[PDB]
Structures are given as structure tokens and as C-alpha cells.
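Beneath this line is the structure, given in C-alpha cells, with notes to follow.
Hydrogens, waters and symmetry mates play no part in the numbers below; they use all other heavy atoms, side chains included. Counting convention: from 1, in listed order, for ligands and their atoms alike. FYI, the numbering just counts along the sequence from 1.
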Amino acid sequence: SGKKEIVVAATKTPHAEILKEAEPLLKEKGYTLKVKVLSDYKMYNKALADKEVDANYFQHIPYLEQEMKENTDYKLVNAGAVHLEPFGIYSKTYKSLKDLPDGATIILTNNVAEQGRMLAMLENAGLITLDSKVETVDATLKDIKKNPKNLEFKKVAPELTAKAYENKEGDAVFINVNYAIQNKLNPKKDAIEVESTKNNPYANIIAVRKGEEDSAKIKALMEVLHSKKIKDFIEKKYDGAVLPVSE
Ligand code: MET
């Protein structure tokens with residue numbers, strides 16, 4: 001019974017909503033589901049490593065890799081990809097990145113793993129150039145080669161960038177789709193720039209403890225999260241802000 005229950009820590013939206021949609025499909029396979037939502041991204045891998053949950057559903061592989069680099073006690077594994085959230089830039093004050101003035105302030109999130117993801121959007125917009133000798137996924141602010149608009153950067157918790165946006169604390173603000181939707185923003189209608197879906201390594205995953213990735217429970221969960229019902233749910237409910245991907 002408890003051996004048939006899957007406890008998962010997930011961010012509120014879309015991840016806990018996708019799990020709630022998957023619940024009756026898991027019962028059809030013989031498994032129950034318990035979902036825990038936590039207050040910030042740093043809590044989810046800790047809960048898993050502490051054995052309070054069986055799995056978490058909140059991050060991408062670069063985030064997971066960074067977390068394990070920082071905490072050698074985390075012996076975690078990717079059980080499989082589910083969905084992609086193309087990253088957004090938001091502004092109350094400018095309509096596009098081409099319109100930002102010299103000295104403009106860019107509010108980055110403080111997510112170490114996503115520093116290259118953010119900067120790559122600015123490089124693709126033609127605002128900065130990054131050192132070509134560094135992989136984009138590994139790029140930081142130290143890797144900026146050219147900055148002809150002399151952009152200045154600030155860092156806010158990913159949980160609070162929706163507030164930096166509403167407060168007009170900078171000229172342009174990065175918000176992860178999960179926290180954008182959690183704040184009642186619609187990323188495809190409200191963002192001023194959206195990340196390309198091409199060549200994108202930031203699919204969100206199910207993570208488990210090492211040695212648990214082929215367990216019956218986790219295979220059952222991966223199965224439901226790749227069903228036609230769950231892919232169609234994702235596609236309809238989030239209006240293209242969230243996209244199902246292969247495992
Ligand atoms: C904790 S890594 C960020 C995850 C977030 N759901 C995104 O894909 O942008």
C-alpha cells in the first residue's frame with residue numbers, strides 16, 4: 001500500500017497540476033499519489049535526498065547537475081524528461097529588447113545553473129556577445145565579451161522576479177514560466193521575448209534517488225506523464241507556454 005504510493009515534491013504550476021491530472025491514470029495502474037509543493041527551488045532536491053519524497057518534478061538537467069556539484073551528499077538521478085518551459089523576459093516599460101537604452105538594468109534570477117540560459121537570450125537579441133570558448137550552458141557574467149549598451153545586471157530570487165517586474169525595479173526582468181503562471185501571467189501574451197524551443201537543453205524532469213530510476217512506481221509515473229491524455233492536457237491548458245517533450 002505504502003510501497004504503492006508515490007510521494008512527489010513539485011512546484012505549484014504547472015508541475016503539481018500535471019500530477020493532479022495524472023492521479024486517476026496512476027490509480028488505473030495500481031498506484032496512489034501524494035504531492036508536496038515547497039516554497040523555493042532549493043528545497044526540492046533537499047527533500048528528495050532526505051527521503052521525505054520519492055521524486056521531485058521542478059528542475060532541468062543543468063539545474064540538477066549544479067545542485068550535485070554544490071551538495072556532494074545529493075546522489076540523485078534523472079528518471080526522464082516530461083516538458084519544456086521556454087524562458088521569458090518581461091517589462092512594464094519597454095515593448096522589446098531593441099528599445100532598451102544605454103545603461104539599462106536587467107533583472108536576472110540568482111539561479112546559478114540558469115546564468116547561461118538568460119545571457120543566451122540577450123546574445124540572440126544582439127545586445128551582448130559571449131566568449132565562444134565557453135559552452136552557453138556554462139556561461140556566466142564573467143564571460144560577456146561585448147556589451148555595447150552597457151547593460152547593468154541585478155539578481156533576484158526566481159520566486160520574486162514577478163514582483164521585480166510589477167515594481168518596475170529594472171528595465172527588463174527574467175521570469176521562469178512556472179513562477180510567471182503562478183503570478184497569473186500568461187507568458188505567450190505578456191512576455192516581450194520568449195526563448196527558442198530549438199537546441200534547448202532545459203526540459204524539466206522527474207528526479208529520484210540513485211538506484212530508484214527503474215523501480216515499478218517510477219516507471220508507472222513516467223508512463224502516465226508520457227500518455228496522450230497528459231500531453232494533450234499540457235498542450236491545451238497552458239496555451240503554448242508549456243510544451244510536452246519526449247522522455
Ligand atoms: C529549478 S531550474 C528552473 C525550472 C523552471 N520550471 C524552468 O524550466 O524554467
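Judged as a salt bridge (charged side-chain N to carboxylate O under 4.0 Å, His left out), and not counting sequence neighbours, the contacts of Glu223 are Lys29. For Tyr202, the ring-ring contact (aromatic ring centres under 6.0 Å, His included) test picks out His60, with sequence neighbours left out. With sequence neighbours excluded, the residues satisfying ring-ring contact (aromatic ring centres under 6.0 Å, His included) with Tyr90 are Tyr165.
The aromatic rings of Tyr63 and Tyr41 sit perpendicular, their planes meeting at an angle over 60°, well past the 30° parallel limit.
Ion pairing between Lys163 and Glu166 holds under the 4.0 Å rule for side-chain N and carboxylate O.
Between the side chain of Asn150 and the main chain of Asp102, no donor-acceptor pair closer than 3.5 Å is present.
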Report all N/O contacts between ligand 1 and the protein shorter than 3.5 Å as a table of atom names and distances to 0.1 Å; if there are none, say 'none'.
unit_1: ligand 1; atom_1: 6 (N); unit_2: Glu85; atom_2: OE1; d: 2.9
unit_1: ligand 1; atom_1: 6 (N); unit_2: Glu85; atom_2: OE2; d: 3.1
unit_1: ligand 1; atom_1: 6 (N); unit_2: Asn178; atom_2: OD1; d: 3.4
unit_1: ligand 1; atom_1: 6 (N); unit_2: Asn204; atom_2: OD1; d: 2.9
unit_1: ligand 1; atom_1: 8 (O); unit_2: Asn204; atom_2: ND2; d: 2.8
unit_1: ligand 1; atom_1: 9 (O); unit_2: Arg117; atom_2: NH1; d: 2.8
unit_1: ligand 1; atom_1: 9 (O); unit_2: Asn176; atom_2: OD1; d: 3.0

